[PDB]
Amino acid sequence: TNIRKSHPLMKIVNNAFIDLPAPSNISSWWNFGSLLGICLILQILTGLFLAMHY
Amino acid sequence: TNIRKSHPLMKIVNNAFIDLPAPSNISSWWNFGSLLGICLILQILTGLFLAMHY
Amino acid sequence: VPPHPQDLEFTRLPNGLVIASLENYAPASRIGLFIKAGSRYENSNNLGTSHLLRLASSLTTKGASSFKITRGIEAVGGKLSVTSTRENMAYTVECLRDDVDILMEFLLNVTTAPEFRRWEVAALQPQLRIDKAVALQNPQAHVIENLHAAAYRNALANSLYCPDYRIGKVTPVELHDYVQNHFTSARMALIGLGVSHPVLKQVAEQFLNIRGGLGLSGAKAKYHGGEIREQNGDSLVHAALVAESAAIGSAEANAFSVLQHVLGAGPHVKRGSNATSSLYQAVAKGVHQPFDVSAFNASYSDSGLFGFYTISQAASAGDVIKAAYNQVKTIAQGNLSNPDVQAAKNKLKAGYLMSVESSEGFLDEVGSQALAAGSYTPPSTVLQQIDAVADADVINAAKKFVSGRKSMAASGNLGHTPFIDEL
Amino acid sequence: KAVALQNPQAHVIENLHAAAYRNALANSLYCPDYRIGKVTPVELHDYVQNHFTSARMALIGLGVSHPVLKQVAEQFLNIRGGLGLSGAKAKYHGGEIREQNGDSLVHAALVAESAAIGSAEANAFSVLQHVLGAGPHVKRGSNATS
Amino acid sequence: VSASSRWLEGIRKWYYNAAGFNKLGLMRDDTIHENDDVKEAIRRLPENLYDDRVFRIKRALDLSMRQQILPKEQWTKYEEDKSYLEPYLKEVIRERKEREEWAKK
Amino acid sequence: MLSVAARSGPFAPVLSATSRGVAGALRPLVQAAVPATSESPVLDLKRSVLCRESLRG
Amino acid sequence: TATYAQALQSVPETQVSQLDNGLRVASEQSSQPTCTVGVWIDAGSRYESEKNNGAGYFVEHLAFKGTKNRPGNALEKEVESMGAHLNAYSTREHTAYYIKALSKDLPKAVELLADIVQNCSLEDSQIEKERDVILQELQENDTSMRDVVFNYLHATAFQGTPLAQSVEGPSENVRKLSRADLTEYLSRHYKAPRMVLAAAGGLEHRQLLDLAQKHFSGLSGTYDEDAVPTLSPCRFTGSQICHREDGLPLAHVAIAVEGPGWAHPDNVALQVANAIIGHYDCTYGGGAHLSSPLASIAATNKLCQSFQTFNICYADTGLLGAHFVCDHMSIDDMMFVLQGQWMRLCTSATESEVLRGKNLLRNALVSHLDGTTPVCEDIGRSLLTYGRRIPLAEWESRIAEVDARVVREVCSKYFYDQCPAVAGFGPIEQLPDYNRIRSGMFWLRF
Amino acid sequence: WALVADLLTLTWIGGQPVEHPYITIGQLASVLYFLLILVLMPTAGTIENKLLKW
Amino acid sequence: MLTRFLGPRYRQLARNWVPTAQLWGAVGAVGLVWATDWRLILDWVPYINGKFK
Amino acid sequence: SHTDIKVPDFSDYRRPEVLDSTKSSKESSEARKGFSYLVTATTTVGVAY
Ligand SMILES: CCCCCC[C@H]1C(=O)O[C@H](C)[C@H](NC(=O)c2cccc(NC=O)c2O)C(=O)O[C@@H](C)[C@@H]1OC(=O)C(C)C
Ligand SMILES: CCCCCC[C@H]1C(=O)O[C@H](C)[C@H](NC(=O)c2cccc(NC=O)c2O)C(=O)O[C@@H](C)[C@@H]1OC(=O)C(C)C
């Protein structure tokens, strides 16, 4: 049996960006959701390194 | 139909401390899980108010 | 002292329709449209159509949507029912005096303006399964259904419930076709209680005028005979043994009806030995443990099935059946006393009298009479007809059951249930 | 059963036997639905031990030796305690079973009692069957000689 | 029938061609927002319509992904645009409204 | 005395809007609940009997 | 056009007469050729005690088994040959024995009743036979989940009181009751001032009175010294009984609240609200479109197989609630919905639904009173309970009085923040905890 | 697009001092914004319905 | 287009929950008052004057 | 046989206004609920402070 589907944790990850069905159809205007995510972490990440000195 | 069960958010809350089946049996030694939770938030909460002055 | 007991008014319209009413003066009204549309009119290519039909009495009509029929009718606390037998369907509607206008309309819409919308009938198919399951929970339902399939080559052999293979398979056109070729004037009758003849007659002349179906006994039951056995591990063995008898309406049908009360047909005292029941007593002699028996008598427009129905422990099935049979044989041989027939006649008479005591049972009698005989026969004269049965008639009846080709259905653990040739 | 009953012949022949016989041969080669889940371990034990006995068994082998078979047979296949006769004897009755269904075609079999395997009359019947016809000998042919 | 009725028809034919779904092979009704009423009417379509609607929308979603369109001679010609879903949608709305109306008394 | 159903015996299904689906023709059974052991289910995959749309105050 | 109001006026008055026994003799004449006569006794099992429980039931089994002047067969043979029907029943408060018969057979009809009610033989050999039949009836009753759960509701709601007992008794009593136990319950309870000769059909009241005085004279020619058959009120208990059994395919639940009892005028209004919620069954045609919100939701989401509201009445108390049947994973939803409806009514009954409820109830009433038997039973029983016969018209007036406000006020009085008596049986693992069910008997919004 | 450009307008004005042209034009852009989202787009929608025969 | 909720029943539903909605504002006012120690409103309440002589 | 099922005696746990099998519990209905609700009302008044 595929552990990628029954493990309490992976489920979430499978549902997030692996098996989740998406429109064959979306275009570049749908990228800004990842970009906002990326933005959020990178912001959190540099932001933190500044806090070790600020 | 009971919205407390089908709403994406409440589900979680129903599963956490409303409908979740628990042993009719547990005793005081099982309280420290809430206490640790409480501890964690209260710590986060006073901790923050100190940071507005520290 | 109650009021003036009105007389029932009866009327044959030229187009064949029958209208009958009784001004009740009762607080509630009851109206039925009875139709020559039962399962006997189905055929080998459309079985179950009248079952599904029986269950579509609230799908949307032209003058009233599903939702409206339901809400409308319950808003006045009325009911809408449909009853089927092998020969008729009967849409019955009931409510308080002041509300017949609303119910009548609903009734006319269903019976003469059903739309049988493709999707509504898809959503209904599954009921056929539920409905049947609930019915088939009594062993008698299955027995009698098999009994009719073994007894008749064709019409009356049809089932009152949809064959599983048709479930989900009966189509909107089959429903439309079925209504329009059986729900016509010459095969209908409109009966009413708490209603007036003029109102009925107006409704009938304004709304119940259609023709284009068929008109005859659309086939005519061919009695065949034969037997159907279904092994099953029910705890007890149910079985019915029967032979062709007489069509409703003939004098011979009353001989049979009297025969049934001589042999026994249901108990009259709560938890009694069935002292005066001659079949029961005859089995009891030779048989220990639990069992039941009664004469079975079923008559149709152009045929009839008569005999008995026994329920017994698997091992005593044969013993129960043979004693039962021999009993009947004993009355065909001549062994019947006048005081015996006299007591039966009493049960029958008192019985009929009682059966049309309430309004739902009177509506039904008037309605079935209308369709079977195109007339109304008062109690005094049914009683008079029952008295006309001579002892010899009852004996010949028995002679006719005994010497006639038989039909048998039984279900249970059949290890000791005999086949017909072993009787 | 579902897999078997997918051929209309299976059901026909099963009904054929139930109509033809009062009792033994009328039994079905497949379990009646009402018994599904209802046959018990003791019924199995009882069935083996009263039918799987020496006097009703036979051991056949290919690529094996008689001595080996015989040794096995004498060492392992020696049991008795079942029954021994035709445990009933088929009573031919006759009758008919019809099942309406909306298959596309009508399958039907008409039959009468004939002869037990082994008798000379059984071969008469066997010959009769080849006179009337019993399966085709040429791929997609008119069944000329049938 | 007016000279100006052809004008309104002309403004409509104009918008249609502008709206553009026809280049993707869609039909007006293939582009309705799906809501309860619309979902129920989609449910009531007979097999062939439903199947055809599925194929259409698949063909568009496909085009839309390649960011192409159909050859001009295969676009949905206004006026050959079948309003296949309106009657059901209209009936679903009627019955809802009857309910809505019953709920007031 | 027509009315096949009520002349007892033949089956007669009733269906309804507000009331309950019935199968109530005639054969034995009442004289079987007396000499007892006629179980009957308690609302197995089923419905409900005696039914409602009758009452009082 | 003869109006409904007017129709109620046409129903003939029930004539009441008292003998010197104290035996009330009542009738409702009609044009019918048949009729229904019988005696209604103010005797049940709420009148019994721990040790003679099942006595009434044991008597019923003997009532038709033979009298002094008519031993064994005799009775049956008289009834059966005259083509009549002999029947009887008993609840926790009442007992009845009635005869359906050709109306020209009123004289012997009554004679037979008397004998039955007065000279019940109780031959010892019969008592023994009957002992084993009733035992069997119990094995049988054990399979009707419905009969079971209602006995459990009664058992728990009225715990510690006579009303908590069942009509048939526990097995040991049936195994232990003696002839002396029986006859003493008979003489104790079958006394004129607690009996009512009732009848409906083609009779004339005078003829009934004559008979009653001819065959019933001499029953209370002895008014008892200090035997004071008085019913002590019965405590109600907010409690819960769960008979878990995962071997049953469907679960039965019965929830109730304490009712007022036979005589309280609150019944009418409660019956209206009950009608609003109604009942359901999986063979009802018309699912999604039902007026009852509970019923419609149950049908669309397959919440059950059947449900039904009810209002049981006994003296000064009663069970008021609903009983349902469903799959093991629906017990929670059914309960929620059932309860949410009860509250909606307590706090938000709208006007039209109440009209529907009133009409339903009118229909019910009139429809129920159809035919000799149902009427006769209403006469006899009502005389016992209301002391009189409440003419249709009066009920119609009581119903008309009711409107939304009355429903909310009356519902709140009995349901709002009240303690339920819950009874469970079957695959009940998902049946909510009593606290939870209790919490569902009030709304935090209100 | 009129909305986008108009937002690009507000951005530009916001970037300027509260003086001559800049005041009245940024005052117009504001009204536009609210009138566009609150009246114009909702009406454009209805007209399109009507044009399509919806 | 909130016309779906315009009718006799809604009018009755609305009226039924009038006392509740009222008492529920009483709870909130007093609640806001007590929580912020509303100097303005409180001065009026007989007792509760922890700011007098 | 299910009629052998009596509910076990609870006198051992019952509030005193409820010990009598002959006394309607509706009389102490108000008093009993009142008390427990007063208990939580006070409680919550306490958390409030
Ligand atoms: C830690 C990295 C693992 C990823 C799990 C968390 C991240 C997550 O959930 O991943 C998937 C990728 C999620 N959806 C998409 O990207 C997405 C969805 C439809 C279409 C496209 N693209 C093009 O059509 C997409 O890109 C998405 O992009 O959401 C992020 C905001 C979220 O990030 C968050 O939560 C933050 C709170 C962590
Ligand atoms: C914000 C408050 C809402 C609660 C949701 C979050 C909190 C949450 O999930 O709630 C339930 C209450 C969770 N389990 C229990 O308490 C619990 C479980 C079995 C038994 C007992 N007691 C006695 O037998 C318990 O008390 C628990 O107590 O976990 C906390 C650590 C968690 O807290 C957390 O996550 C933090 C990360 C927030």
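The sequence lines fix the lettering, A, B, ..., with proteins before strands; numbering per chain opens at 1. Heavy-atom basis, side chains included; hydrogens, waters and symmetry copies ignored.
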Check: Looking at F/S38, F/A36, F/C51, which makes the most heavy-atom pairs under 4.5 Å with chain G?
Finding: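 Winner by heavy-atom pair count: F/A36.
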TODO: Counting only heavy atoms closer than 4.5 Å, note whether F/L15 contacts chain G via side chain, backbone, both or neither.
DONE: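 Side chain only.
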query: Using non-hydrogen atoms only, which part of F/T37 is less than 4.5 Å away from chain G: side chain, backbone, both, or neither?
result: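 Both the backbone and the side chain of F/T37 come within 4.5 Å of chain G.
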Among the listed options [options], the residue most often paired with chain F at heavy-atom distances under 4.5 Å:
options                        : result
G/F307, G/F425, G/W395         : G/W395
G/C313, G/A269, G/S306, G/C304 : G/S306
G/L361, G/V148, G/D281, G/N141 : G/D281
G/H289, G/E140, G/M145         : G/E140

Please assess F/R56 against G/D378 for the test side chain to side chain contact (heavy atoms under 4.5 Å, CB included), listing each intermediate value before the final yes or no.
CA-CA 11 Å; F/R56 203 157 195 216; G/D378 180 68; 3.2 Å; yes
ask   = Out of curiosity, G/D147 CG to F/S40 OG, how far, rounded to the nearest 0.5 Å?
value =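 Answer rounded to 0.5 Å: 7.5 Å.
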Shortest non-hydrogen contact between G/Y280 and F/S48, atoms and distance:
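Where G/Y280 meets F/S48 most closely, the heavy atoms are O-OG, 3.6 Å.
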Backbone of F/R47 reached by a side-chain donor or acceptor of G/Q305 within 3.5 Å: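 Checking the backbone N and O of F/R47 against the side chain of G/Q305, no donor-acceptor pair under 3.5 Å is found.
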Next on the checklist: Check whether G/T283 reaches the backbone of F/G21 with its side chain - one donor and one acceptor, N or O, closer than 3.5 Å.
Outcome noted: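 Yes, G/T283 side chain to F/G21 backbone: donor-acceptor pair under 3.5 Å.
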